[PDB]
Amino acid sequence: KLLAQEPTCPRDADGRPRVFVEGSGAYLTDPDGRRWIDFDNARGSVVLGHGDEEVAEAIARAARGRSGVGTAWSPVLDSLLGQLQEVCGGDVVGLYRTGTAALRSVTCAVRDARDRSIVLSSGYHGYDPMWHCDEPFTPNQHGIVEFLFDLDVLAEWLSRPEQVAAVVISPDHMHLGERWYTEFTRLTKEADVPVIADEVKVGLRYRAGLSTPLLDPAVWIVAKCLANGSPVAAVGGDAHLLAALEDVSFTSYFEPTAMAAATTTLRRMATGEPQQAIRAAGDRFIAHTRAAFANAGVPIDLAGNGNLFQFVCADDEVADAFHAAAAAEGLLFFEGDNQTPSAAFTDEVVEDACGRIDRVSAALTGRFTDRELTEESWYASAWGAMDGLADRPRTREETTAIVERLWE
């Protein structure tokens, strides 16, 4: 009631935050003792599992100053910077506490280095007001043009390339395919405009590297997969585009628990093994759930893969009913957005989650059988999870109509 902010978190049907007392692996316990399976995982930043013991031991030693203190440089920092450069590439690297701060700092630096006013953007880049706009496809008061992953609009803006400082995108892989990325990179290379890959969510999510070799980013940002939820974001790329980062310093720069969590987590994510385990387990859950709904006439499908997926519901009434039924079974989904299992989502948890889905499907069967997913269902669902337009065939006038329906 005192809070001036509106943090994203699980909320009940009345909008009140759901409180959880404790967590271990994939399971959360609520104040009433009920155990829930977490698919939200701090918005995808818990990738190893809640309370992971190896990370916890490193955090605990760091909380006692055993490898360094917040006052000063220590060998842990050298190790972390080297790990980031090895896995993501680039001339130089930088560190931040949030993805929002990293994206603002990098975008300002690139704009300054390029001495150009316009930035073309798709995807969410954090809460800073520099990204706010009243309308898509036109510059906001900060010179940023939201293009909603529409390549026709992008090509239009890139046809006059001399004023375009950069193109910044948060890559989606549920609704954008290989053809989208090949054309995106062709267009940006043709205009000679640097690409900023905002991989806060997808960097290290699917493999031990950035999300797609079909992008050639001049600058990257990663964060959620770096530190099992501890507040660390990293950036890197071409030195001349990041020169202004020399002006960046913050009080908690050397704080040791954050670096302990990042070095320990990154070492495991750099092997690719957690992402392979998550992919297999999540794929099993997706296949079971898709069939459970399809075999009961429930108009809900899924997009994505085991590492990152989402539910696609026929309409908002179906989605609301699904979310209520899922919560009643103790499934904790990121409602209307993407689901991101952690490595603690093992076969035993998959089996538990599938039984809960069987009960969700039972609760919904017979309520919505005469409804079907339409193109509108797909666009609306994708919009909520990846913050722009799915890559489905349409004309320039149809783009305007879809945006008119979905833009708030």
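Just count from 1 along the sequence shown to find any residue number.
Look at the C-alpha B-factors of 373 to 381 and of 358 to 366. On average they run higher in 373 to 381.
Averaged over CA atoms, B-factors in the entry run higher in 128 to 136 than in the other of 255 to 263 and 128 to 136. Annotation for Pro75, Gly123, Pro299, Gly236: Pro75 ranks highest, by Cα B-factor. Across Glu329, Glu335, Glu273, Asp198, the entry's maximum B-factor at the CA atom is seen for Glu273. Among all modelled residues in its chain, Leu245 ranks in the middle third by Cα B-factor.
The deposited CA B-factor of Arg290 belongs to the middle third of values across its chain. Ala344: CA B factor lies in the highest third for its chain, per the PDB record. Placement of the Cα temperature factor of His142 within the chain: highest third of the modelled residues, per the deposited record. For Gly94, the recorded CA temperature factor ranks within the middle third of the chain's modelled residues.
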